Each structure stands twice: as C-alpha cells, then as structure tokens.
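> Before anything else, here's the structure in question.
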Amino acid sequence: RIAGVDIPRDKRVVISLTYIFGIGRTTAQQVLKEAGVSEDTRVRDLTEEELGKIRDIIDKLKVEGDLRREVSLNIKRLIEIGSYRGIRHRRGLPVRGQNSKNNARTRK
Amino acid sequence: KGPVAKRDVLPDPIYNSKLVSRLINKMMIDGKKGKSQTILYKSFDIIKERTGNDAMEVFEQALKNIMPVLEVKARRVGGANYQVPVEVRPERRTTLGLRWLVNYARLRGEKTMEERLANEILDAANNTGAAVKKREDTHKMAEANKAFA
Amino acid sequence: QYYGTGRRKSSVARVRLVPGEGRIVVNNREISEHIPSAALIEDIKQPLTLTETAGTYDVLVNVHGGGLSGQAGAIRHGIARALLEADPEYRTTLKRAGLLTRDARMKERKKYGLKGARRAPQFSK
Amino acid sequence: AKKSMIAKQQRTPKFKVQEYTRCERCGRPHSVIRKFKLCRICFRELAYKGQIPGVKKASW
Amino acid sequence: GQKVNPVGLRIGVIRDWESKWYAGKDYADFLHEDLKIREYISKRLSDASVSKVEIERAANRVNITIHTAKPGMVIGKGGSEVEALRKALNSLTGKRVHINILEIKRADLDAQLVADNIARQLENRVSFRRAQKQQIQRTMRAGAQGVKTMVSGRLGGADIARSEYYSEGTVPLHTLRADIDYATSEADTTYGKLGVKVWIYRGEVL
Amino acid sequence: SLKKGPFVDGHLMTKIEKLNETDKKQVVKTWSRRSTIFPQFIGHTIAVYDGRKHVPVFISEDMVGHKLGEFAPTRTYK
Amino acid sequence: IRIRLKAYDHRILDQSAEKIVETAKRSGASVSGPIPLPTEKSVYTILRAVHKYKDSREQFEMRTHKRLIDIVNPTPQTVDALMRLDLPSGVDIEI
RNA sequence: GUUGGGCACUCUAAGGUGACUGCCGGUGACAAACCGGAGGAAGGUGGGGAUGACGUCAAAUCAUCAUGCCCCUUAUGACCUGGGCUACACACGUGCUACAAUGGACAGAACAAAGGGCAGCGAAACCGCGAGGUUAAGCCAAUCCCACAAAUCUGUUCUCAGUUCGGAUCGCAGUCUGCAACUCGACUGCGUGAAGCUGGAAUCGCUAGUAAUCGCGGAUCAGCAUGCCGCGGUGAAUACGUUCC
C-alpha cells in the first residue's frame, strides 16, 4: 500500500492519508488538491489513475522511513556532540525547558 | 428557615406542556437550553414517527410508569443503618421520574441522545425498561423495609 | 405608534406598536431572522396573547445590548409597556403574568477571594 | 541593601531592560503601580491619609 | 486584622481631599513632589506644631494651606517666616509656591495635634495614664461629643507590650456620616517605640 | 533571532578573529554563553563559564547551529 | 470653544460648570447646556496585608467625570469674561 | 447616522421622587412583631458592596516601612559578569485541558458588558499559509483604536474506535520582544502523535441571574497568565427537614 504501509479502505482519503508516518491533515489536503480527488471519496473507491497520482505525489514527499531515520539522526547528533538538549533527550527529563519537580511524565 | 419554592415556564411551541419544559431545564449541560430543546424535539419527532401516536400521551404514560410512590429514606439509630420508606409527595414523583428518564437514557448508549431519550420513553411506556429497574428496585426497598413506615 | 421601553439583563429594546397586522421587526430584521429557538418567540409573544393583540399591531423594535434571551426579555417588557400605553385596561392581566417587573436580576459583581461571586476556590485542611 | 538598591534603580543602567519600576516612597519593587508611582502598601497608607486626589474606597 | 482608618473611610463622603487638583500627564510627579513638600514642611514645623497641609495645583502655581492652631509661630514676624518658607519650597519644587495659613481655634480638637501632644508627653516621660486622661479632659472641655486615645507599645514594662484605651463619649466609627478626625503619632522612647492612636468624634452633619 | 543575523558578542568575535588571523592557541576563557557558533569558530577550544568553573569545549562541524551554553550544564545532579 | 471640564467631585464640577454657563449666557453666546459625559473610572485592588493573605484585599476607586460646554455665537465679550474666570484646581478647563 | 434636521427615545450624569410593615384583613396582649392582599419598578434589612465590637491564637509581618537591643565593619557592606530562585527519584495543595455525539472538523448568520491608549492605542492598504511584517489615517479619546466576541443558531461531514477524540512530548522551519529567549520566553507553520474511554478510600463548592459553561477586559508588564482582579453571554437542579457531622 501507498508508502509501504497501509491506509484504511473505509475512511475518506484526507484522513486515511493521515495514518502514513509523515502526512497529517494539512499535507493531505495539499496532496489531494494537486491530485484532484476532491477530498470526498473512500480509498476503497478510487481508480488506478487517481490513486497512482496520490502515490507518486507522496513519493515526491519526505514521508515514510526517511523521516524516522533522519529524526533519529538529529537526536543522535545532539546526543553525541554533547549538547544539554541531548542530555535531556537521554535522561528522560524534558527538553524544551519545563519544570521537573512536578509532572514531566511523558518522559519517565 | 422555612420552605422556599421555585417556578418554571408554561409553554413549548410544539407540545405545549409545563413538564416538557421542565425536562428541557433538566438534561441541560453547561447552560445550553438550545441543545436540550433540539434533542427534545428531535426525540419527540422520532416518538411521533416510529410509533404512529402523539408523543404527549406516550410521554405521560412513561412518566406514570416511572413516578415512584415510595422513596426509602435513611434512619440510623445506634449501629443499625435502617432505611425508612417515605410516601413521596407528587412534585418529587415527577422530578424523580424526569431524573430517571434522563439518567438512564444517557446511560443507555445509541447514536444520539435524541435516540436514547426516544427509546427510553418507548421502553418506559411499555413499562419494562432501564429506569424502571430503578422504579421497581425502590419499591422493593420500600417493600422490604415496610416494618417502620 | 405606541412606544414602550423594555429593559432586561443589560439589554434595552424600544418597542413601537404601529396599527397593523402582526409583523415584528427587530432592527429592520424579522423574528426568526434575528431570534431563533422559538421558546423565546412564544415567550416574547405572551403579552400579546394574554390580552388579544394578535393581529392588531405590527411591531417595530430597536434593540441594543444583552444577549438573545436578554433581548427577548427586553422586547417583551417593551411590548407590555407600550401595550399598556395602548389600552390601560388589562394591567391586572399583565401584572398577574409579571410583565411590569423588569426582572432586576443583574449578573452579580465578582468578589475577591472568590472565584465567581459565590464560588469558594476549594477547601483543604 | 536598601539605599544601594534604590540608588541603582535611580541610575540609568547599561540597558533599558535592566530598568525596573520601584517604590518612590518605601523602597521595594514587587507591586509598584504605574499611575501613582507608588508601592502598594504606601498607596494604601497615603490614600487613607487624604492624599492621592482620586482614590476613595471602591464599591459597585 | 481590625478597623479601617476612619480618615480613609470617609474620604469622598464628607471629609475632603487634602491634596486637591486634577491629573495632567505627570500625576505621579505632582504626587511625589507633594510628598516631598509634606515631608519637608512637617519636619520643619513639627517644632511649630502643624497638623495638615492642603495642596493646590493651579497651572504652574501651587497654593498650600496650612492648619497650625497658632498663627504667630508660623507667620511670626511676617518677613522671616514667609522668606524661609516660600523660598526653599520654590527651590525644592521648582516653581511658584503661595502659602495661606489658616489657624485652628480649639487646638485640642484636631487629632493630629492632640496625638502629637500625647506623644510628646510620653517622650517627656509623663505617665501614660496622665497623658491620655489629661488630654481627654482637655478635649471634652474643648467640646467634642467623643474622644478615644489608645496607646500601645512597651509602656515602661519590658517583656509584655499592651494596648490601652481611654475614651469619653460617643466615637461611632460605623456611622458613615460622622466627621471623625483620626490620627496616629509615634513616640520613640528609650524602651522602644510607642504608638498613639487618637480619634475625636466632633459632630455629624444631617 | 530571525533575520537580524546570528548573535555573538563583539569581544569573543575579536578574540576568535585574533586567533584565526594567525593560527590556534590555548583555550579562550569566555563568560559569554549567549553567543551562537559561527563556522569560523571550528577548532578553537574555548572555556565557557558554567557559573563556577571554566569548562573547555572543542568546536566541531556539527556544533554550529547551537550556542556555547548548550555545552555546559550549570546544575550538577547525581 | 468646547470647554470640557473633568473633575473628581461632582459638586465642584457642577459649580464650575454653571459658572461658565451663566457668564457666557449673560453676554449672548447662546449657551448649550452642561452635557454630562460618561465618567472614566479605574479600580485598583490591593492586598491589605503586609506579608501574607492574598484572600484579604481592598478595592479603591478613582472616578473622573467630565461635562461638555459649548459656546456658539462668537460674542468676544464672553471670551474676555472666560479669561478672567478664576475657578479652582479641581476641574481642568480645556477649551 | 453618512448628511442636513430633532430632543422626542435610548443613553449619559446631576438634583429629585421612591418602599416606610405604610394601607387592608387576619393572628398575637391591644404591644413588639408575624401571615396573606391591593398598589407598585421595587415588599418586608428588595440584590450586592463597603463597614469587621471587647478580645482569642506571645497567630503573621524586623523582608514595605520605622524601630529598642545584640552582631558585622578594607565586611554580615558595595560594584561587575555568569549561574540559581525553572534542579527531580518522590510525595502533596490549587488549576487548566481532555477522555467525546448535548461530540469533532468545515462554511453561513447574529447578539454583549466593562475597561485600557501619548514615544502609547494603532485603522486601512500591501505582503506572508500563519504567527506577523512595511507605509500610514485617526486618536490625549461616549468621536479614533484595542475590537474580526465566544459558546449559540443554521447547513455539510465522521459514526462510537484510543477514533475526524485528545493534545502531551518531540524534530525541523519560522515570528516578535529585547545587549541577549542555551539553561530559561510567548506564539506560528509542517510532522510525530502519547497517558487518558468519567477516576479507590476519601473529599469540595454552590440556595438564583447563583452553580455549571463561554468568551472579553485590566493591572503587573519590553516580553512573558492556565494565576488574580473585574465584565458580560447562555444559564440550571434542589431545600421534606435539623435525625446526624
């Protein structure tokens, strides 16, 4: 399926494309204008023309494994160079500058 | 101190009843009479459609099935924890009926409270239903504790 | 042109009852064009239904302030006042219905140390 | 540290963002009202002593 | 946590503003200029027993009225008093100062001078019963429908400091038409700091 | 810091350009932590003041888009 | 000639309003009356206590109310009368 | 409502009038008072506020201030930069956001009060997806601006799932303020999307324009608000009663 990962057949296109790692709502609406599917179809109901345009538009976009590997490269970069922000990446303490005597409970 | 009383508004533009606007003021979440009026009239239009009757009489029949004669109050003397049954005065009969309609309707679960209130009125009409479990159980609690009156 | 002012909940309506057939005109718009939720439409019509005023005056209303139910209260109060100025007769009917009260239930002033003019924040021992 | 800190505020610092509001009657920052150029407690005292020509007790 | 000061409570009902003008563009600056004025004039005439200073602001001009309860200590020989008073104010403010000095007949009804008269006697080591009772007789004969003098601090007694009420007549702090003079004064004695609070119910307006 | 430029202090820029006009030298004791890293800093070992000591850090190709005080935590913890 | 008095007391501003009203009315300037204009008031809420007690406050109020005076006919006798009106510091004439 | 025109109306802000158990009937001692009625905008201190008695806790404040005594003095005082008061395994008060169809998203229509603005408020136009940006009108303000109110109502859409719920966290790219946003700012844009499906023992608030909910405003302040202080919008449920805490 489209980027090597599924989209659900029984949703609309705008939100079935959200389940691809790298496309949210607004890049999905930027796609389907360029593709011309008019945002009101199931993806169980498309044509091979109409879904192939979606495929190669997304092939032009930085989506599936590129995003994960490059964001891991950024995180490993500022872990390895030193970089207190990567120290927060490592330890499980919040990165953006946030109080830690209380919650900080996404990270530990 | 002494007892204080309250008021309520007479009509509804369709279904001209006091108590139906009393149900409108009930089930109001966060100060929205508009949403409760929409839920109520769309529900009664379902009750007029799904059963070919006027929904006023079905609604009063559902009320008559739910309105409890006997609450069971509390009375703890010593270490006893007795519950004591009370003949309910009819204002509280109507308002306990409306609470049980509203609570067990939204506790049921369907694809709008339009449908839940409609099906809860349709169940409380032909008495077997979810709020009428609470009606029956309160009368059973009064039946068990009848030794005190 | 009988004229009456109605005040309700920081809203003021100016109801002029012209001799007509029953059109109510709220700021050059009509009723449901400006007031939805027809419980307000039946409540706004109650002085005109208690005494028989059903099709004998068109209504022209200049409203400002408050919200839509506040404007409903201001319009019905202005109707009852201008409709007393029309005929002094049925003042007992309006007074038994309210309609010469101007419900003075203004929203209370917030107090210090309270959240919302009665609300205490939360108590912990 | 009072007369030193008052004197330092009465100076012009290196930068305008180092500039902060201060008492003018009873030396402290934290709650100097911009209109009166006065500390909060000193405003209550003087406004009680019939000075500060606008302010009386508020009620509405 | 106790009583609101009655001076600040009856501002804008019957008791006027001391400082009377209108704000133009330097309201803070006019205020603190007048605070410097009142400090300077109350320090200089705390010998000459001045109670209250009312300041005007009259388009580059300031009319200061002064309630003293004696004229000829403060207007004096005529020349010297107005020289040393208007001249230094014209300097330390920077513009014209006019000085009008109203004299308080019945010097024992103005609570600032009364509280200072009790404070000086504590500093003159007069006993703290004699000060308040003597002054209450003086005020109630000078004509007042009630007086209350309350002194607190170390009264010459070391490890316990307590408050002392003396009063005669009605001092009704809750009647909002009262015309009550309230005034504090402080007395720095060898044992510490004493606080004199005098307030004089003088009569109400119908 | 958007389109006005990057930020550095003028004194640290002066010291680094004196260091760069001939060749590298010993560490630069520098209290400025606020300053970004220009690409012309790379190789210059500089001593950032953490609050109580001067920590030496050697600047690389990656350590550019950040600032100096990212390479000196100020709070010791366990 | 649009004199907007603004004061802290209503009685002082009323006195200084009808003084301009009468002195311009006596020399034929056709005085439109003292139009009372909405007050700008400010409320300053303050912790009563020195140190603690955020719950213990006191609210203070500063009202400045203003009234508008217009002089329509030229009549420079009225202007010479206004220039010698000595009315106190409370009111702030601004023509 | 722009103009001419008008002070009728709203509004504004001054002086008033006005509600006092005053009048009726009833009870009670005939009193004091109480229950209902008529009038009335207002009915029984009409709603609120301000007002906080003698004193209680050697309560709190020597850090707002002033202070007696004791201590320091080329330092327990002063300047300067950098950090910290934002640490974090843990507990714990107060709050905000949700867990969803009375919902979410998208489009249309309306209704407010109160307050702020002079080196400040800043229209309109232009550009930028957006945060915002450039030139600049008007405004020392019932004029002009902040200021395009939001829940709401009306159509379209999903269909009961960890989702078209929720937004944490985080990467990248930006914007504004300011010497400077690394520790340590708010906001935007793209993307990732977590715990959470209404909460154990226990426990809190509220008697009416109140609680619940929705936005707006202002102090503080260059910038930082989920806090506080006010404002309106919609707007309930119940009080048998004093058995118990």
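Starting from 1 in every chain, residues are counted up; chains themselves are A, B, ... following the order of the structure tokens, and ligands are numbered from 1 as listed.
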Hey, what's within 7 Å of region 121-126 of chain B if we count only C-alpha atoms (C1' of nucleotides) and toss same-chain stuff fewer than 6 positions away? As number ranges by chain, please?
B: 58-59, 61-62, 65, 132
> If you run DSSP on the backbone here, which positions in chain D get strand (DSSP E)? Please write them as a PyMOL selection string.
chain D and resi 32-33+38-39+55-57
> How many Å separate CA of residue 127 (chain B) from CA of residue 70 (chain B)?
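Distance between the two atoms: 17.5 Å.
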> Could you name the residues that touch residue 38 (chain C) at 12 Å or less, counting only C-alpha atoms (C1' of nucleotides), but leaving out those on the same chain fewer than 5 positions away, as a PDB file with N, CA, C and O atoms (P, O5', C5', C4', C3', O3' and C1' of nucleotides), in the first residue's frame?

ATOM      1  N   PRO B  11     -45.196  27.196  28.423  1.00  0.00           N
ATOM      2  CA  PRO B  11     -45.393  26.521  27.133  1.00  0.00           C
ATOM      3  C   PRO B  11     -44.142  25.869  26.558  1.00  0.00           C
ATOM      4  O   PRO B  11     -43.039  26.017  27.092  1.00  0.00           O
ATOM      5  N   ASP B  12     -44.333  25.132  25.457  1.00  0.00           N
ATOM      6  CA  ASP B  12     -43.350  24.735  24.450  1.00  0.00           C
ATOM      7  C   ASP B  12     -44.029  24.911  23.095  1.00  0.00           C
ATOM      8  O   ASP B  12     -45.168  24.458  22.941  1.00  0.00           O
ATOM      9  N   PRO B  13     -43.367  25.535  22.088  1.00  0.00           N
ATOM     10  CA  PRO B  13     -44.062  25.965  20.854  1.00  0.00           C
ATOM     11  C   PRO B  13     -44.732  24.856  20.058  1.00  0.00           C
ATOM     12  O   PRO B  13     -45.748  25.070  19.393  1.00  0.00           O
ATOM     13  N   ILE B  14     -44.146  23.668  20.120  1.00  0.00           N
ATOM     14  CA  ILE B  14     -44.838  22.433  19.794  1.00  0.00           C
ATOM     15  C   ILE B  14     -44.873  21.730  21.139  1.00  0.00           C
ATOM     16  O   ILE B  14     -43.993  21.980  21.962  1.00  0.00           O
ATOM     17  N   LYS B  33     -29.795  25.582  26.878  1.00  0.00           N
ATOM     18  CA  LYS B  33     -31.173  25.183  26.606  1.00  0.00           C
ATOM     19  C   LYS B  33     -31.391  24.894  25.132  1.00  0.00           C
ATOM     20  O   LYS B  33     -32.284  24.122  24.784  1.00  0.00           O
ATOM     21  N   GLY B  34     -30.583  25.494  24.252  1.00  0.00           N
ATOM     22  CA  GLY B  34     -30.751  25.273  22.825  1.00  0.00           C
ATOM     23  C   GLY B  34     -30.489  23.843  22.403  1.00  0.00           C
ATOM     24  O   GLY B  34     -31.267  23.266  21.637  1.00  0.00           O
ATOM     25  N   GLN B  37     -33.327  21.646  23.882  1.00  0.00           N
ATOM     26  CA  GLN B  37     -34.545  21.815  23.100  1.00  0.00           C
ATOM     27  C   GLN B  37     -34.442  21.092  21.774  1.00  0.00           C
ATOM     28  O   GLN B  37     -35.401  20.442  21.347  1.00  0.00           O
ATOM     29  N   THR B  38     -33.268  21.138  21.139  1.00  0.00           N
ATOM     30  CA  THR B  38     -33.081  20.402  19.895  1.00  0.00           C
ATOM     31  C   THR B  38     -33.179  18.899  20.116  1.00  0.00           C
ATOM     32  O   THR B  38     -33.896  18.213  19.376  1.00  0.00           O
ATOM     33  N   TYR B  41     -37.020  18.006  20.881  1.00  0.00           N
ATOM     34  CA  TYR B  41     -37.994  18.000  19.795  1.00  0.00           C
ATOM     35  C   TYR B  41     -37.638  16.985  18.723  1.00  0.00           C
ATOM     36  O   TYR B  41     -38.540  16.379  18.133  1.00  0.00           O
TER      37      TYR B  41
ATOM     38  N   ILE C  31     -38.397  38.222  13.012  1.00  0.00           N
ATOM     39  CA  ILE C  31     -38.284  37.490  14.273  1.00  0.00           C
ATOM     40  C   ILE C  31     -37.252  36.377  14.176  1.00  0.00           C
ATOM     41  O   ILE C  31     -36.204  36.428  14.831  1.00  0.00           O
ATOM     42  N   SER C  32     -37.514  35.372  13.338  1.00  0.00           N
ATOM     43  CA  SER C  32     -36.614  34.226  13.268  1.00  0.00           C
ATOM     44  C   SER C  32     -35.367  34.560  12.466  1.00  0.00           C
ATOM     45  O   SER C  32     -34.388  33.807  12.481  1.00  0.00           O
ATOM     46  N   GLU C  33     -35.382  35.693  11.765  1.00  0.00           N
ATOM     47  CA  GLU C  33     -34.172  36.200  11.134  1.00  0.00           C
ATOM     48  C   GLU C  33     -33.190  36.707  12.185  1.00  0.00           C
ATOM     49  O   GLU C  33     -31.982  36.793  11.938  1.00  0.00           O
ATOM     50  N   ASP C  43     -42.365  33.132  24.244  1.00  0.00           N
ATOM     51  CA  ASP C  43     -42.259  33.946  25.453  1.00  0.00           C
ATOM     52  C   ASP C  43     -42.293  35.429  25.124  1.00  0.00           C
ATOM     53  O   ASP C  43     -42.683  36.253  25.957  1.00  0.00           O
ATOM     54  N   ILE C  44     -41.881  35.789  23.912  1.00  0.00           N
ATOM     55  CA  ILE C  44     -41.807  37.194  23.546  1.00  0.00           C
ATOM     56  C   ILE C  44     -43.181  37.680  23.112  1.00  0.00           C
ATOM     57  O   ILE C  44     -43.436  38.887  23.014  1.00  0.00           O
ATOM     58  N   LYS C  45     -44.096  36.743  22.885  1.00  0.00           N
ATOM     59  CA  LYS C  45     -45.424  36.997  22.358  1.00  0.00           C
ATOM     60  C   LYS C  45     -46.489  36.946  23.449  1.00  0.00           C
ATOM     61  O   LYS C  45     -47.610  37.400  23.214  1.00  0.00           O
ATOM     62  N   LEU C  68     -29.350  37.196  23.393  1.00  0.00           N
ATOM     63  CA  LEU C  68     -30.581  36.971  22.636  1.00  0.00           C
ATOM     64  C   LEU C  68     -31.780  36.704  23.551  1.00  0.00           C
ATOM     65  O   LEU C  68     -32.895  37.158  23.266  1.00  0.00           O
ATOM     66  N   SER C  69     -31.572  36.008  24.671  1.00  0.00           N
ATOM     67  CA  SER C  69     -32.661  35.868  25.630  1.00  0.00           C
ATOM     68  C   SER C  69     -32.828  37.139  26.444  1.00  0.00           C
ATOM     69  O   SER C  69     -33.940  37.478  26.866  1.00  0.00           O
ATOM     70  N   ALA C  72     -34.802  39.129  24.262  1.00  0.00           N
ATOM     71  CA  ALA C  72     -36.180  38.651  24.313  1.00  0.00           C
ATOM     72  C   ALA C  72     -36.921  39.241  25.498  1.00  0.00           C
ATOM     73  O   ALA C  72     -38.071  39.686  25.365  1.00  0.00           O
TER      74      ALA C  72
ATOM     75  P     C H 153     -27.527  25.776  19.621  1.00  0.00           P
ATOM     76  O5'   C H 153     -28.355  26.300  18.373  1.00  0.00           O
ATOM     77  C5'   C H 153     -29.368  27.274  18.532  1.00  0.00           C
ATOM     78  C4'   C H 153     -29.520  28.092  17.280  1.00  0.00           C
ATOM     79  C3'   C H 153     -29.459  27.317  15.980  1.00  0.00           C
ATOM     80  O3'   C H 153     -30.656  26.636  15.660  1.00  0.00           O
ATOM     81  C1'   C H 153     -28.095  29.225  15.812  1.00  0.00           C
TER      82        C H 153
END
> Could you pull the residues within 12 Å of residue 90 (chain A), counting only C-alpha atoms (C1' of nucleotides), minus those fewer than 5 positions along the same chain, as number ranges by chain?
A: 75-80, 82-85, 95, 107-108
> Residues as selected, N, CA and C atoms, written as a PDB file, in the first residue's frame, can you do that?

ATOM      1  N   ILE A  75      18.514  13.458  16.704  1.00  0.00           N
ATOM      2  CA  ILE A  75      18.579  13.158  18.132  1.00  0.00           C
ATOM      3  C   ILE A  75      19.934  12.563  18.504  1.00  0.00           C
ATOM      4  N   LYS A  76      20.432  11.611  17.705  1.00  0.00           N
ATOM      5  CA  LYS A  76      21.761  11.052  17.944  1.00  0.00           C
ATOM      6  C   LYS A  76      22.850  12.095  17.768  1.00  0.00           C
ATOM      7  N   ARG A  77      22.635  13.061  16.870  1.00  0.00           N
ATOM      8  CA  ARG A  77      23.592  14.138  16.659  1.00  0.00           C
ATOM      9  C   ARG A  77      23.775  14.964  17.917  1.00  0.00           C
ATOM     10  N   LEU A  78      22.680  15.434  18.505  1.00  0.00           N
ATOM     11  CA  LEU A  78      22.886  16.296  19.662  1.00  0.00           C
ATOM     12  C   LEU A  78      23.015  15.486  20.950  1.00  0.00           C
ATOM     13  N   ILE A  79      22.840  14.170  20.884  1.00  0.00           N
ATOM     14  CA  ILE A  79      23.311  13.336  21.985  1.00  0.00           C
ATOM     15  C   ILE A  79      24.824  13.195  21.934  1.00  0.00           C
ATOM     16  N   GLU A  80      25.375  12.962  20.737  1.00  0.00           N
ATOM     17  CA  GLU A  80      26.789  12.619  20.625  1.00  0.00           C
ATOM     18  C   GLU A  80      27.695  13.837  20.748  1.00  0.00           C
ATOM     19  N   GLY A  82      27.443  16.339  22.616  1.00  0.00           N
ATOM     20  CA  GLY A  82      27.404  16.984  23.914  1.00  0.00           C
ATOM     21  C   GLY A  82      26.010  17.510  24.144  1.00  0.00           C
ATOM     22  N   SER A  83      25.853  18.842  24.131  1.00  0.00           N
ATOM     23  CA  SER A  83      24.573  19.486  23.842  1.00  0.00           C
ATOM     24  C   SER A  83      23.452  19.170  24.825  1.00  0.00           C
ATOM     25  N   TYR A  84      23.405  19.896  25.960  1.00  0.00           N
ATOM     26  CA  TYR A  84      22.432  19.752  27.063  1.00  0.00           C
ATOM     27  C   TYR A  84      21.016  19.371  26.624  1.00  0.00           C
ATOM     28  N   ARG A  85      20.569  19.884  25.483  1.00  0.00           N
ATOM     29  CA  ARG A  85      19.294  19.470  24.920  1.00  0.00           C
ATOM     30  C   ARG A  85      19.284  17.974  24.594  1.00  0.00           C
ATOM     31  N   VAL A  95      12.794  18.389  27.375  1.00  0.00           N
ATOM     32  CA  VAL A  95      13.779  19.023  26.505  1.00  0.00           C
ATOM     33  C   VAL A  95      13.555  20.528  26.415  1.00  0.00           C
ATOM     34  N   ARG A 107       8.090  11.733  29.834  1.00  0.00           N
ATOM     35  CA  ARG A 107       9.454  11.248  29.931  1.00  0.00           C
ATOM     36  C   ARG A 107       9.707  10.747  31.343  1.00  0.00           C
ATOM     37  N   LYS A 108       9.723   9.422  31.493  1.00  0.00           N
ATOM     38  CA  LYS A 108       9.609   8.714  32.770  1.00  0.00           C
ATOM     39  C   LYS A 108       8.369   9.187  33.505  1.00  0.00           C
TER      40      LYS A 108
END
> Can you tell me, as a PyMOL selection string, what residues are no more than 9 Å from residue 96 (chain A) when counting only C-alpha atoms (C1' of nucleotides), ignoring any on the same chain fewer than 2 positions away?
(chain A and resi 85+88+94+98) or (chain H and resi 170)
> Take the residues just selected and output them with N, CA and C atoms (P, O5', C5', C4', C3', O3' and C1' of nucleotides) as a PDB file, in the first residue's frame.

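Generated output (again_2.pdb):
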ATOM      1  N   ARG A  85      20.569  19.884  25.483  1.00  0.00           N
ATOM      2  CA  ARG A  85      19.294  19.470  24.920  1.00  0.00           C
ATOM      3  C   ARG A  85      19.284  17.974  24.594  1.00  0.00           C
ATOM      4  N   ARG A  88      18.922  16.101  27.923  1.00  0.00           N
ATOM      5  CA  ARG A  88      17.505  15.933  28.217  1.00  0.00           C
ATOM      6  C   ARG A  88      16.877  14.848  27.352  1.00  0.00           C
ATOM      7  N   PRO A  94      12.602  16.658  30.557  1.00  0.00           N
ATOM      8  CA  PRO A  94      12.003  17.343  29.401  1.00  0.00           C
ATOM      9  C   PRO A  94      12.966  18.291  28.693  1.00  0.00           C
ATOM     10  N   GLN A  98      11.230  22.903  31.011  1.00  0.00           N
ATOM     11  CA  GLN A  98       9.960  22.586  31.637  1.00  0.00           C
ATOM     12  C   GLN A  98      10.277  22.119  33.045  1.00  0.00           C
TER      13      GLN A  98
ATOM     14  P     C H 170       9.672  18.165  25.141  1.00  0.00           P
ATOM     15  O5'   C H 170      10.399  17.700  23.797  1.00  0.00           O
ATOM     16  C5'   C H 170      10.979  16.413  23.664  1.00  0.00           C
ATOM     17  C4'   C H 170      10.949  15.926  22.238  1.00  0.00           C
ATOM     18  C3'   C H 170      11.479  16.870  21.172  1.00  0.00           C
ATOM     19  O3'   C H 170      12.884  16.969  21.126  1.00  0.00           O
ATOM     20  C1'   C H 170       9.488  15.879  20.418  1.00  0.00           C
TER      21        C H 170
END
> Using CA of residue 55 (chain E) and CA of residue 25 (chain D) as the two end points, give the distance in Å to one decimal.
18.4 Å
> Name all residues at most 12 Å from residue 18 (chain A) (count only C-alpha atoms (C1' of nucleotides); drop same-chain ones fewer than 3 positions away) and give them as a PDB file with C-alpha atoms (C1' of nucleotides), in the first residue's frame.

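Full text of out.pdb as output:
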ATOM      1  CA  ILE A   2       0.997   3.619  -0.673  1.00  0.00           C
ATOM      2  CA  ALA A   3       4.213   4.341   1.232  1.00  0.00           C
ATOM      3  CA  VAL A   5       2.308   0.969   4.814  1.00  0.00           C
ATOM      4  CA  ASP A   6      -1.467   0.658   4.784  1.00  0.00           C
ATOM      5  CA  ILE A   7      -4.167   3.243   4.703  1.00  0.00           C
ATOM      6  CA  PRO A   8      -7.695   2.188   5.748  1.00  0.00           C
ATOM      7  CA  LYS A  11     -12.207   6.128   5.621  1.00  0.00           C
ATOM      8  CA  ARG A  12     -12.111   9.227   3.462  1.00  0.00           C
ATOM      9  CA  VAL A  13      -8.854   9.966   1.645  1.00  0.00           C
ATOM     10  CA  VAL A  14      -7.883  13.038   3.694  1.00  0.00           C
ATOM     11  CA  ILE A  15      -7.732  11.046   6.920  1.00  0.00           C
ATOM     12  CA  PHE A  21       4.049   8.478   9.104  1.00  0.00           C
ATOM     13  CA  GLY A  22       4.753  11.906   7.706  1.00  0.00           C
ATOM     14  CA  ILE A  23       1.414  13.148   6.475  1.00  0.00           C
ATOM     15  CA  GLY A  24      -1.024  14.850   8.815  1.00  0.00           C
ATOM     16  CA  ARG A  25      -4.170  16.692   7.818  1.00  0.00           C
ATOM     17  CA  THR A  26      -2.804  19.726   6.006  1.00  0.00           C
ATOM     18  CA  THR A  27      -0.227  17.930   3.885  1.00  0.00           C
ATOM     19  CA  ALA A  28      -3.043  15.533   2.993  1.00  0.00           C
ATOM     20  CA  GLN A  29      -5.156  18.465   1.829  1.00  0.00           C
ATOM     21  CA  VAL A  31      -1.801  16.454  -1.759  1.00  0.00           C
ATOM     22  CA  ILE A  58       3.658  11.092  -1.866  1.00  0.00           C
ATOM     23  CA  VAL A  63       7.380  10.537   4.222  1.00  0.00           C
ATOM     24  CA  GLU A  64       7.961   7.042   5.387  1.00  0.00           C
TER      25      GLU A  64
ATOM     26  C1'   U H 164     -12.011  13.032  12.023  1.00  0.00           C
ATOM     27  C1'   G H 191       5.212  16.476  11.145  1.00  0.00           C
ATOM     28  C1'   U H 192       5.174  12.834  15.251  1.00  0.00           C
ATOM     29  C1'   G H 193       1.490  11.704  17.952  1.00  0.00           C
TER      30        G H 193
END
> With only C-alpha atoms as the basis for distance, which of D:4, D:35, D:49, D:14 is at the shortest distance from residue 43 (chain G)?
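Among D:4, D:35, D:49, D:14, it is D:35 that comes nearest to residue 43 (chain G).
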